[PDB]
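can't give you the sequence, but here's the structure:
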């Protein structure tokens, strides 16, 4: 809730197969001035998550 | 009569998966059905109800 603005999660739809196995979720991130760095930068939001 | 055999004997028809399209509350298996296929041999063709 420090970086994330919102999460759109879609089930039956990925980019690979179209089955149930496959889904994805587009995450929107907080405004531009409301982030320092490195811990608010996409590269690490990602590291954390992955 | 020969014509209308090669047709039904050699067609190829659909039938759902299992889950896939709206399943029942809590499901553990989804996989595709495989109904009729098309013949693949001279001999395989030879064998047709006429």
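Okay, I see it. Numbers count the residues shown, from 1 in each chain, chains lettered A, B, ... in the order given.

quick one: the strands in chain A?
For chain A, the strands defined by DSSP state E occupy A:4-10, A:24-29.

most tightly packed of these?
Of all these, strand A:24-29 has the most neighbours on average by mean count of other C-beta atoms under 10 Å in any protein chain shown, namely a mean of 11. C-beta: built from backbone N, CA, C; applies to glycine.

sheet-wise, list the partners of it with their directions.
strand A:4-10 (antiparallel) (DSSP bridges).

pretty sure residue A:22 contacts residue A:14?
Yes - counting by C-beta atoms under 8 Å, residue A:22 does reach residue A:14; the two are 3.5 Å apart.

chain neighbours aside, what residue packs nearest to the closest residue to chain A within chain B?
Using C-beta to the nearest C-beta, residue B:30 is the residue of chain B that sits closest to chain A, at 5.8 Å. In space, and not counting its chain neighbours, residue B:30 is closest to residue B:19: 3.4 Å by C-beta to C-beta, 6 or more residues apart in numbering or on different chains.
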